[PDB]
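Novice:
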RNA sequence: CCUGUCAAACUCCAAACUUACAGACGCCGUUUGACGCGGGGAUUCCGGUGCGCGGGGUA
RNA sequence: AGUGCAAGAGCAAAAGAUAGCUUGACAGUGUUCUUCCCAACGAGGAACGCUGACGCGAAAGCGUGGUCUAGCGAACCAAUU
RNA sequence: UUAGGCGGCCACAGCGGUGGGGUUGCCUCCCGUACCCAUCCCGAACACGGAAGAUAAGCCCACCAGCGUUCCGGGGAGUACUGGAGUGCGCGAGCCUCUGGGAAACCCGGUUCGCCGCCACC
Ligand SMILES: [Cl-]
Ligand SMILES: [Cl-]
Ligand SMILES: [Mg+2]
Ligand SMILES: [Mg+2]
Ligand SMILES: [Mg+2]
Ligand SMILES: [Mg+2]
Ligand SMILES: [Mg+2]
Ligand SMILES: [Mg+2]
Ligand SMILES: [Mg+2]
Ligand SMILES: [Mg+2]
Ligand SMILES: [Mg+2]
Ligand code: NA
Ligand code: NA
Ligand code: NA
Ligand code: NA
Ligand code: NA
Ligand code: NA
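Protein chains in written order, with the authors' numbering: chain O, 1 to 186; chain J, 1 to 97, 109 to 167; chain X, 1 to 154; chain R, 1 to 95; chain F, 10 to 29, 35 to 107, 128 to 174.
1. With a CB to CB cut of under 6 Å and the five nearest residues on each side skipped, what residues in its chain are close to residue 26 of chain X?
2. Please state the DSSP three-state secondary structure of residue 34 of chain J.
3. Within its chain, find whatever has a CB closer than 6 Å to the CB of residue 90 of chain O; leave out the 5 residues flanking it on each side and keep chain order.
4. Need the endpoints of the beta strand (DSSP E) that residue 75 of chain R sits in, please.
5. Is it the case that the Cβ atoms of residue 192 of chain O and residue 27 of chain O are separated by a distance below 8 Å?
6. Does the Cβ-Cβ distance between residue 76 of chain O and residue 43 of chain O come in under 8 Å?
7. For a contact defined as C-beta to C-beta under 9 Å, what are the partners of residue 23 of chain O on chain R?
8. Can you check which of these residues, J:38, J:15, J:48 and J:14, is closest to residue 153 of chain J by C-alpha distance?
9. Three or more C-beta pairs closer than 8 Å, one from the region 43-60 of chain X and one from the region 26-36 of chain R: is that the case here?
10. Let me know the secondary structure DSSP gives residue 60 of chain F once reduced to three states.
11. So is residue 110 of chain X buried or exposed if we call it buried at 16+ other beta carbons inside 10 Å?
12. Taking only the alpha-carbon atoms, compute the straight-line gap between residue 95 of chain O and residue 56 of chain R and give it to the nearest angstrom.
13. Taking 8 Å as the threshold (C-beta atoms), are residue 80 of chain F and residue 18 of chain F in contact?
14. On the DSSP letters alone, give me the boundaries of the alpha helix (DSSP H) that residue 162 of chain F sits inside.
15. Between the region 148-156 of chain O and the region 35-54 of chain O, do three or more beta carbon pairs fall short of 8 Å?
16. By the 10 Å Cβ neighbour count, where 16 or more other Cβ atoms means buried, how is residue 49 of chain F classified, buried or exposed?
17. What are the start and end residues of each continuous beta strand (DSSP E) run of 3 or more residues lying completely inside the region 8-95 of chain R, in chain order?
18. Suppose you measure from the CA of residue 94 of chain J to the CA of residue 121 of chain J; what does that come to, to the nearest Å?
19. Spell out a yes or no on whether the region 32-46 of chain J and the region 113-120 of chain J are touching, meaning 3 or more CB-CB pairs, one atom from each, closer than 8 Å.
20. Can residue 62 of chain F be considered in contact with ligand 12, in the sense that its beta carbon sits closer than 7 Å to one or more heavy atoms?
21. For residue 18 of chain R, go through chain O and note every residue whose CB falls closer than 7 Å to its CB, in chain order.
22. Would you kindly work out how many angstroms separate the C-alpha atoms of residue 26 of chain J and residue 79 of chain R, rounded to a whole number?
23. Assuming residue 189 of chain O contacts residue 148 of chain O under a Cβ cut-off of 8 Å, what Cβ separation, rounded to an integer in Å, is found between them?
24. Determine whether the beta carbon atoms of residue 102 of chain O and residue 61 of chain O lie at a separation below 8 Å.
25. Identify the continuous beta strand (DSSP E) that holds residue 161 of chain O and give its terminal residues.
26. Establish whether the CB of residue 180 of chain O and some CB of chain R are separated by less than 8 Å.
27. Using a Cβ cut-off of 8 Å (strictly closer), state whether residue 168 of chain O contacts chain R.
28. Determine whether the Cβ of residue 12 of chain O lies closer than 8 Å to any Cβ atom of chain F.
29. If residue 55 of chain X sits next to residue 140 of chain X, beta carbons under 8 Å apart, how far is it from one beta carbon to the other, in whole angstroms?
30. If you draw a straight line from the alpha carbon of residue 150 of chain F to that of residue 141 of chain F, how long is it in whole angstroms?
31. For ligand 16, any of its heavy atoms closer than 7 Å to the Cβ of residue 51 of chain F?
32. Figure out for me which residue from X:49, X:91 and X:38 has the closest Cα to the Cα of residue 130 of chain X.
33. Within the same chain, show all residues whose beta-carbon is closer than 6 Å to that of residue 115 of chain X, passing over the 5 residues directly before and after it, in chain order.
34. What do you reckon, is the C-beta of residue 132 of chain X under 7 Å from a heavy atom of ligand 13?
35. Does any residue of chain O have a CB that is nearer than 8 Å to the CB of residue 145 of chain F?
36. Give, in chain order, every unbroken run of the beta strand (DSSP E) that is at least 3 residues long and sits entirely within the region 2-75 of chain O.
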C-alpha cells in the first residue's frame with residue numbers, strides 16, 4: 001500500500017477469517033477437519049479435506065435444513081448445534097468419512113459451547129474425533145433444558161409466536177431419534 | 001604527494017564512513033558560485049567535460065575551482081553568472097606510510124570519481140564567455156584532458 | 001546444413017571448445033564435417049565460432065568435395081558415383097549431396113566417415129586472426145564464401 | 001571465509017524479499033511427496049524448522065522415504081551421494 | 010437511515026493517575047463498580063523505576079452505569095469545544131473520559147471478520163457536541 | 001517545491017554467467033566392458049607464466 | 001519495537017508482551033548433515049526419528065533448552081551413579 | 001454465490017473514493033443476561049438466549065486510477081554490462097571490431113479497484 005517494500009497480509013488474514021497458525025497445526029493430523037461455524041441465527045458443520053486448488057467439503061449440515069426433518073424451533077441454540085453436528089456427521093459417514101479433527105476457526109474453546117456441541121453430535125453420528133468429554137455441556141443443556149427453565153421465569157413467552165410457550169427439549173429428542181435411522185439425505 | 005598515486009580508478013569503491021574513520025575534511029570551499037540566488041535563467045551555458053575516467057583529489061578540485069571562479073572576476077565580485085562544480089569527493093584514499112607487512116594504509120584524503128564525458132563544471136552566462144577562459148585555467152589543474160562544451164548558445 | 005572446417009589448432013584452445021569440435025567429429029586442423037541446422041547444433045557451432053569456418057555450401061561444391069575427400073567408415077575406397085550407388089540409398093554422388101544438404105540423411109547413415117579431411121587451401125586462406133567481416137577466414141561464410149574455401153581445399 | 005559456521009555467506013539465500021516477508025502459506029508445508037519424486041531444495045527464510053545445510057540450496061534430489069514428518073531426499077554433492085533430512089516447507093515438485 | 014446513525018455513549022473511563035492506591039475506594043463509590051490497577055511502563059526519575067507497579071486506577075462504565083454517572087459528572091464540568099476529540103470524544107476533570135460512537139461499532143471490536151469503521155461512519159466533533167449538548171447542558 | 005552528488009561491509013531493480021535435475025541431439029560404452037566396486041604400488045603437498053576477474057600496495 | 005550478547009538473518013491473531021501453569025534443560029537408542037564443499041579424518045555441533053516417562057492444551061499439537069549461525073577438550077588417573 | 005462457509009494463489013487482491021441492495025428467506029448490525037462461559041473493572045470483548053427495529057457500518061453488487069502494485073506497447077536502448085575470439089588502437093588508464101547474450105532509472109500510452117477451487121443455497 002505505502003510502498004514497494006510494504007507487506008500485505010494474506011487475503012484470509014486481512015478478512016480476519018482464517019487463523020493460519022492454527023490452520024497449520026490443524027492440517028498436521030492429516031485428517032479431515034470438522035469445521036464448526038456459527039451465525040447469529042444459524043450453525044454450520046462441514047467436513048473439509050485438503051485440495052490442489054483449495055479445500056474440498058465432502059459433507060456438510062446447516063441448522064436451517066434441520067427443519068427439513070421436523071425442526072420447528074429456533075436454530076441458533078445448543079440443541080440446534082448438536083443436531084447439525086450429528087446430521088453433518090451422518091452424511092459424513094455416508095461419504096466414507098471415518099475420522100476428523102475439530103476446527104473451531106476464530107471461536108473460543110469455552111466449555112459447553114455450541115462448537116463442542118457440534119463436536120459431540122458429529123462423534124455420536126459415528127465420526128472418530130480427538131476430544132475431551134468434560135469440556136462438553138452436560139446433555140441436559142444440549143437438550144435445551146437451560147432454555148426451558150429460562151421460560152419458566154416466563155410472564156412473557158421467550159419465543160415470539162414461534163412454537164410452544166414453555167418450549168420443548170423433548171422436540172430435541174424426537175429429532176435426534178429421527179436422525180438415528182433411515183430417512184433421505186443421510 | 002603526486003596525482004600519480006591516486007588518479008586511477010583501479011581500487012574498489014571505498015566510501016562507507018560507517019566503517020572508515022579519521023577522514024580528512026574537504027578543501028572544496030563552495031559548490032555554488034556566483035548569483036546562487038537566481039536560477040539557470042541564462043542565454044548561454046558552458047560546461048567543462050572530463051575526457052577520461054579518473055579520480056580527482058579534493059586538492060585538485062579546490063585548485064581547479066578557485067582558479068576558475070577567482071578569474072570569473074573579470075565580471076566582478078557580484079557579477080551576473082552562476083558557477084557549479086557538480087562532483088563531490090566521496091572516494092576515501094589511503095597510503096601505507109613495517110614495510111609491506113600489515114600495509115592497509117591509513118586515510119589521507121578524498122577524491123571524486125569522474126567518468127570520461129561527464130561535466131565536472133557548469134557555468135551560466137549571458138553572451139559574455141569569459142567563462143570559456145575560466146576553464147582553460149580550470150582543466151589546467153586536474154589530471155585529465157578536457158573538453159570545453161557549450162550547450163544553450165547558438166550565438167556564435 | 002552447414003559445412004564445418006577447423007582452421008585453428010588445439011594448443012591453447014579451451015577444453016570445453018575442443019571437446020565440442022570433437023563431438024562434431026573433427027579432431028585435426030582442416031578436417032571438415034557437415035552439420036544440420038538445429039538449435040542443438042547451432043549452439044555448438046557458435047561456441048566453436050572462433051576456430052572454425054562454416055557456412056552452407058552449394059550443391060556443386062559439396063559434390064566436388066564429397067567426391068574428392070569422402071571416405072568409407074573404414075578403408076581407402078574412393079567414394080565415387082559407383083561406390084555411392086553400390087553402397088548407399090542414392091544412385092550417385094549428386095543424389096547423396098542433395099540429401100545431405102536437405103538434411104534427410106548423414107555421412108554415417110550412409111556408411112561414410114563423418115569427416116572430410118580436406119587439404120590445405122591452395123593459395124592460402126584469409127587469416128585465422130580475424131573473422132570474415134574483417135577480411136579473415138573465421139566465422140560464418142557466404143555460400144560463395146564457403147565454396148571458395150572448400151574448393152581451395154578440395 | 002573469516003569463519004566457518006553453517007550460515008557463513010548466507011545473507012542472501014536465507015533472506016526474503018521485503019514482500020515475501022512473514023509467515024508462509026501452510027499449503028506447501030503440508031504437501032505430500034512419493035518415493036521417487038524429484039524435488040527442488042530451497043529453504044524458506046520464513047520457516048525455521050525442517051532445514052538443511054545452506055550448501056544444498058538449489059539441489060534437486062529424489063524423495064526416498066521419510067523420517068517422522070520430515071522427508072529423506074537423496075542428492076549428489078559434487079560426486080558424493082548424500083541423504084538430506086528435509087520438510088515439505090523447503091521442497092517443491094520438479095516440473 | 011437514522012436510528013442506526015445517531016450517537017450513543019460507549020464507556021466512560023474514570024481514572025486517577027496518581028504516582029504510586036487508597037484512591038480506589040472513592041472511585042468505587044463515585045462509579046459503582048471495582049477499580050482496576052494502573053501499572054506503568056518505563057523507568058523514570060520520579061522515583062518511578064518499577065515497571066509492574068500500581069500507580070493509579072480506572073473504571074470503565076457502560077450503559078446505565080455510565081449515564082447514572084454522567085448525570086452528575088457533566089454538571090461538574092463546564093468546558094466544551096477544542097477540548098473535543100476528532101472522533102467525537104472528550105475528557106474533563128481525577129479524569130472522566132466519554133467515548134462516543136454510532137450503532138455498528140462492534141464490527142471493529144469483535145474477533146471474527148472485524149473491520150475498521152469507515153471515516154464516513156465515524157463520529158465528528160460536531161455531531162458529538164449536538165448529541166450531548168442535546169442532553170442536559172450547553173456546548174462551549 | 002526546486003536543485004547538486006555517492007556506496008566492498010545499501011537495494012525498489014537487475015544481467016551476461018555459474019550451477020542442481022530431467023528430456024533431446026551429439027559423442028561414448030556393451031570382443032577396445034564404459035559408469036561403478038574392491039585391492040596393490042606410487043609420486044606429490046617450494047611452483048611459475050599469459051589472459052579474464054580480482055584484494056593489498058606509489059609501484 | 002521487542003526477541004540476553006557480534007554480525008547477518010527469522011518472527012505480528014507471533015518467535016514479541018502480559019497472566020497462569022509447568023520442569024521436555026527428561027532417560028534410552030538411533031537416522032542424517034556438519035565438523036572436513038568436492039573428498040578420507042576425532043571431539044564438538046545441529047536437524048529429524050523411535051522407545052519410555054512426563055508438561056500444557058478442547059484438540060490437532062507443541063516441548064529432544066534460549067528463534068538461527070559462537071560459548072569448546074583425547075588417552076592415562078581420580079572422584080561420582 | 002438477491003448477501004453464506006472452508007480455502008488456493010498471497011497487493012492484478014493494497015490505500016483512498018462513488019453509487020446500489022434486503023416485503024417470507026441469508027449475513028449483519030441489533031435486543032437481551034436465567035443458564036454454559038466471561039471481564040486482574042466493565043454481557044465492550046468472550047459465551048449463551050433471542051427477533052422489536054435497521055440496511056446507517058460491515059458484507060455482497062456495480063464503478064472511479066489520485067497513490068501503491070502486476071503485466072504490455074512505444075521511447076530510453078540493442079544504450080549500460082557481459083560469455084568467446086583478435087600480431088585491431090592506445091605511453092598508459094583504457095578502447096575497438098567480430099560472435100553469442102542483454103539491463104536499470106525515467107517519460108509517454110494502455111492494463112490492474114483480484115483470479116480460481118470445493119460445499120451449501122429461489
Ligand atoms: Cl464462526
Ligand atoms: Cl543438510
Ligand atoms: Mg578409416
Ligand atoms: Mg605457396
Ligand atoms: Mg596469414
Ligand atoms: Mg553477496
Ligand atoms: Mg560465481
Ligand atoms: Mg529451537
Ligand atoms: Mg598425562
Ligand atoms: Mg569426580
Ligand atoms: Mg447502504
Ligand atoms: Na613489524
Ligand atoms: Na589536464
Ligand atoms: Na514468507
Ligand atoms: Na561427530
Ligand atoms: Na495486579
Ligand atoms: Na449496510
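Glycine is no exception: its CB is placed at the ideal position from the N, C-alpha and C atoms.
Specialist: Reading from the atomic positions:
1. Position 26 of the third chain, counted from the first residue, corresponds to residue 26 of chain X. So the list reads 6 and 33, once near-sequence residues are dropped.
2. Counting from 1 along the second chain, the entry for residue 34 of chain J is found at position 34. Strand.
3. Residue 90 of chain O sits at position 90 when you count from the first residue of the first chain. Cβ neighbours of residue 90 of chain O beyond the five flanking positions: 125 and 186.
4. By one-based count along the fourth chain, residue 75 of chain R stands at place 75. Element bounds for residue 75 of chain R: 70-77.
5. Since the first residue of chain O shown is 1 and the last is 186, residue 192 of chain O is not available in this structure.
6. The count along the first chain starts at 1 and reaches residue 76 of chain O at position 76. The count along the first chain starts at 1 and reaches residue 43 of chain O at position 43. Yes; because the gap between Cβ atoms is below 8 Å, this pair is in contact.
7. Reading the first chain from its first residue, position 23 is the one you call residue 23 of chain O. Contacts between residue 23 of chain O and chain R, judged by CB atoms closer than 9 Å, involve 26 in chain order.
8. Within the second chain, residue 153 of chain J is the residue found at index 142, counting from 1. Comparing C-alpha distances from residue 153 of chain J to each of J:38, J:15, J:48 and J:14 shows the shortest one belongs to J:48.
9. Touching, no, given that fewer than three Cβ pairs across the two stretches are closer than 8 Å.
10. Working through the fifth chain from its first residue, we reach residue 60 of chain F at position 46. Annotated three-state conformation of residue 60 of chain F is coil, per DSSP.
11. Position 110 of the third chain, counted from the start, is the residue given in the question as residue 110 of chain X. Counting Cβ neighbours within 10 Å, residue 110 of chain X comes out buried, since at least 16 surround it.
12. Taking the first residue of the first chain as position 1, residue 95 of chain O is located at position 95. Taking the first residue of the fourth chain as position 1, residue 56 of chain R is located at position 56. One Cα belongs to residue 95 of chain O, the other to residue 56 of chain R, and the distance between them is close to 44 Å.
13. Here residue 18 of chain F refers to the residue found at position 9 of the fifth chain. Here residue 80 of chain F refers to the residue found at position 66 of the fifth chain. Yes, they are a contact pair.
14. Numbered from its first residue, the fifth chain carries residue 162 of chain F at position 128. That run of the alpha helix (DSSP H) goes 159-167.
15. Three or more Cβ pairs closer than 8 Å define a contact, and the region 148-156 of chain O falls short of that threshold against the region 35-54 of chain O.
16. As a position in the fifth chain, residue 49 of chain F is number 35, starting the count at 1. Residue 49 of chain F is buried by the Cβ-count criterion.
17. You should have 38-41, 60-67, 70-77, 80-86 and 91-93.
18. Within the second chain, residue 94 of chain J is the residue found at index 94, counting from 1. Within the second chain, residue 121 of chain J is the residue found at index 110, counting from 1. So the two alpha carbons sit approximately 9 Å from each other.
19. The region 32-46 of chain J makes no contact with the region 113-120 of chain J, as fewer than three CB pairs between them are under 8 Å.
20. As a working mapping, residue 62 of chain F is identified with position 48 in the fifth chain. At a cut-off of 7 Å, the beta-carbon of residue 62 of chain F does not count as near ligand 12: no heavy atom of the ligand is closer than that.
21. Numbered from its first residue, the fourth chain carries residue 18 of chain R at position 18. Those within 7 Å of residue 18 of chain R in chain O are 5 and 7.
22. Position 26 of the second chain, counting from 1, holds the residue named residue 26 of chain J. Position 79 of the fourth chain, counting from 1, holds the residue named residue 79 of chain R. Looking at the backbone, the Cα of residue 26 of chain J and that of residue 79 of chain R are separated by about 56 Å.
23. Any property of residue 189 of chain O remains undetermined from this structure, which presents chain O solely from 1 to 186.
24. Along the first chain, one-based indexing puts residue 102 of chain O at 102. Along the first chain, one-based indexing puts residue 61 of chain O at 61. The answer is no: Cβ separation not under 8 Å.
25. Stepping through the first chain from its first residue, residue 161 of chain O is reached at position 161. The continuous stretches of beta strand (DSSP E) do not include residue 161 of chain O, and DSSP gives it neither H nor E.
26. As a working mapping, residue 180 of chain O is identified with position 180 in the first chain. For residue 180 of chain O, not one C-beta of chain R is nearer than 8 Å to its own C-beta.
27. Within the first chain, the letter at position 168 stands for residue 168 of chain O. False, the Cβ-Cβ gap to chain R never drops below 8 Å.
28. Residue numbering aside, residue 12 of chain O sits at position 12 when the first chain is read from its first letter. Residue-level contact check: residue 12 of chain O does not touch chain F, since none of the beta carbons of chain F fall below 8 Å from its beta carbon.
29. Here residue 55 of chain X is taken as the residue at index 55 of the third chain, counted from 1. Here residue 140 of chain X is taken as the residue at index 140 of the third chain, counted from 1. Contact annotation, residue 55 of chain X with residue 140 of chain X: C-beta distance approximately 6 Å; criterion of less than 8 Å satisfied.
30. On the fifth chain, residue 150 of chain F is found 116 positions in, with the first residue counted as 1. On the fifth chain, residue 141 of chain F is found 107 positions in, with the first residue counted as 1. Each residue's alpha carbon lies about 7 Å from the other.
31. Translated into the one-based positions of the fifth chain, residue 51 of chain F becomes position 37. It does: the Cβ of residue 51 of chain F is within 7 Å (strictly closer) of some heavy atom of ligand 16.
32. Mapped onto the third chain, residue 130 of chain X falls at position 130. For residue 130 of chain X, the closest of X:49, X:91 and X:38 by C-alpha to C-alpha distance is X:49.
33. As a working mapping, residue 115 of chain X is identified with position 115 in the third chain. 25, 31 and 33.
34. In the third chain, counting from the first residue as 1, residue 132 of chain X sits at position 132. Checking every heavy atom of ligand 13 against the Cβ of residue 132 of chain X, none is found closer than 7 Å.
35. Counting from one through the fifth chain, the residue named residue 145 of chain F turns up at place 111. Closer than 8 Å to some Cβ of chain O, the Cβ of residue 145 of chain F qualifies, so yes.
36. Those beta strand (DSSP E) runs which fall completely within the region 2-75 of chain O and span 3+ residues are 33-38, 43-49 and 56-62.
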